[PDB]
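Quick heads-up: it's one chain on its own, the form deposited without the ligand, in structure tokens.
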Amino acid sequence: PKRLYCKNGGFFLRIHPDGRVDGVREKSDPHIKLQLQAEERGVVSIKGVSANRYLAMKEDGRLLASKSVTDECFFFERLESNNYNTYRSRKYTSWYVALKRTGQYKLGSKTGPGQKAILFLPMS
């Protein structure tokens, strides 16, 4: 398990028990602890431990969490330079998981491979 800390603003990814996704700064938040499970090399589903919900990306780029697994709940995890990680949707293949600088998430339909918003340094 671990926390994903976004390089764009220093916000940790957070999955609430209601299915709401956002980024926090409080590093002791219980909702940022996540669990990543591999569906084989490169693919992973991300799960918010407490909430018990999986991060899912919708077709309009919005980000949210679902009690159950769906094709919108798997991401290609790629290790970048300096150890930052990026999560791209296995279904909306050119869309990444990302947070803006204000802390709120950023529509996957406005992301890209060289954005600071998609970078996450994982912290146990």
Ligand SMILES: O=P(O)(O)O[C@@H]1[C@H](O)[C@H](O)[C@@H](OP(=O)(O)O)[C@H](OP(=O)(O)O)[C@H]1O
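Residue numbers run from 1 along the displayed sequence.
Not pictured, yet referred to below: the form solved in complex with the ligand.
For the candidate set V43, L64, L36, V49, a heavy atom within 4.5 Å of the ligand in the bound PDB entry is found for exactly one residue, namely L64. Residue contact with the ligand in the bound PDB entry: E72 places a heavy atom within 4.5 Å of it. Using a 4.5 Å cutoff between non-hydrogen atoms, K58 counts as a contact of the ligand in the bound PDB entry. In the bound PDB entry, just one residue of 15 to 48 lies within 4.5 Å of the ligand by at least one heavy atom: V21.
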